[PDB]
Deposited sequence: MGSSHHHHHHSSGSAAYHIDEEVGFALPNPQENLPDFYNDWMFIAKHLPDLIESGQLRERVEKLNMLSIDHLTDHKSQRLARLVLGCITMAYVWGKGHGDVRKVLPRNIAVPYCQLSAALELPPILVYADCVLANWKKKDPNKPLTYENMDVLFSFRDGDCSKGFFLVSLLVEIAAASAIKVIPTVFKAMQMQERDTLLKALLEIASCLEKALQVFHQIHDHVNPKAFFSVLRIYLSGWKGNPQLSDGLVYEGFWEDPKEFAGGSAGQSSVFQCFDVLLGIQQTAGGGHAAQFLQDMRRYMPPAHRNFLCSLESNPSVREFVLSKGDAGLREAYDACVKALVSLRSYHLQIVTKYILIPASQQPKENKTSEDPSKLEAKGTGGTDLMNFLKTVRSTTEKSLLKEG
């Protein structure tokens, strides 16, 4: 459908772990990034790769794994050890298959949230639940980069949100069939699930320390759009002649908040303002099925107008409960950003303005 899973939502269910043997040379590099970056063999190993056709990647899962593999390699190749020694040309033997794969998957040829979070995970025991203790990531960049903590916690927020995402059909079916009580129950379940997601968000502190995130992991997630270190973007050698700019991987590429924004008729993409066009641009970095889901939601009849049109205090309360959960999420998120980015940096104003603009736009949608 829209590739939304009942259990893990926008996350990729049961991600593939191994590529065909044909790609062993890719997988070896991706699996040893900490060693290869530290020693400085990473770039040589990439430059020594044979050109591997993407023709042996024939299903969505192996394609997604391949994207994850090539994306991590590309971040490691471009940024190296992360202290200004960058590469402006991605060698053809990575760039061509990476760009061809990206075109088939309709994603930009850069590491994105849907790679390093949504597809970058495994259960330790398939017969145990989705808890941090029973989960791991598939790839990290450096020892101590907190990639396991940051990726898995993001993933757990996605999984928590899946419980709210799966009731969205009930919301639109209830409006259609004029089932006031069903609609009211649905909105209350969404708010309650979004509240649960806020509590999962607290696990960031349990598994990410700010020093490692800001000074290590953030480097490998950085992109080449408006980046002075790559002012023209990256050359994808043998695929496009001129360099192209793409933003880096970020939980800001998640579909979770945008999903409930559009659900509730919060028009975050309205206007020419910088917050709107950023959130619009981020959609290009989401899997196409999830882009299409967001667009289908915007085309559905408005939940907000339905609620505003019925003189029904219980419905307005349920709806506001959803808006307030979103506001609460964004408020907590501002704290996280302060802790993981603002303080480590000063030891910027645009970033906090952007986030406050989005929370305020959410807050304005309150009926009370």
| item | value |
| --- | --- |
| In sequence order, the deposited-sequence ranges that have no modelled C-alpha atom | 1 to 15, 363 to 382, 404 to 405 |
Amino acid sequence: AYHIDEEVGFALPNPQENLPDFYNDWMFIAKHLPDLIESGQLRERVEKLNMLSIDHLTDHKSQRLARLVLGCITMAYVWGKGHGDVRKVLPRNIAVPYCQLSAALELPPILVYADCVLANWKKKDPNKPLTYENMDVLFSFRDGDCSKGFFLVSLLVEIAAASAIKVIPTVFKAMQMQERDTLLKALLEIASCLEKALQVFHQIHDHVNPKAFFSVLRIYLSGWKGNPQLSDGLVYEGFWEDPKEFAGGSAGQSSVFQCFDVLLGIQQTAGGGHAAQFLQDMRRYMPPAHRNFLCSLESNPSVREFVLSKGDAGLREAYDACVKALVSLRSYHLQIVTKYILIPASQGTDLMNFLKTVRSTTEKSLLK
From here on, numbers count along this sequence of modelled residues.
{"item": "Selected stretch [higher average CA B-factor]: 266 to 274 or 153 to 161", "value": "266 to 274"}
{"item": "Which of 237 to 245 and 110 to 118 has higher mean CA B factor, as the PDB entry lists it", "value": "237 to 245"}
{"item": "C-alpha B-factor winner, where the candidates are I343, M27, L42, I54", "value": "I343"}
{"item": "Candidate residues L33, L49, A66, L315, the one whose C-alpha B factor the record puts highest", "value": "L315"}
{"item": "Cα B factor band for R92 (lowest, middle or highest third within the chain)", "value": "lowest"}
{"item": "Relative C-alpha B-factor of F22, binned into the chain's lowest, middle or highest third", "value": "middle"}
{"item": "Ranked C-alpha temperature factor of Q347 among modelled chain residues, by third", "value": "highest"}
{"item": "Assigned third (lowest, middle, highest) for the C-alpha B factor of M286", "value": "lowest"}
{"item": "Third of the chain, ranked by Cα B-factor, where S140 sits", "value": "lowest"}
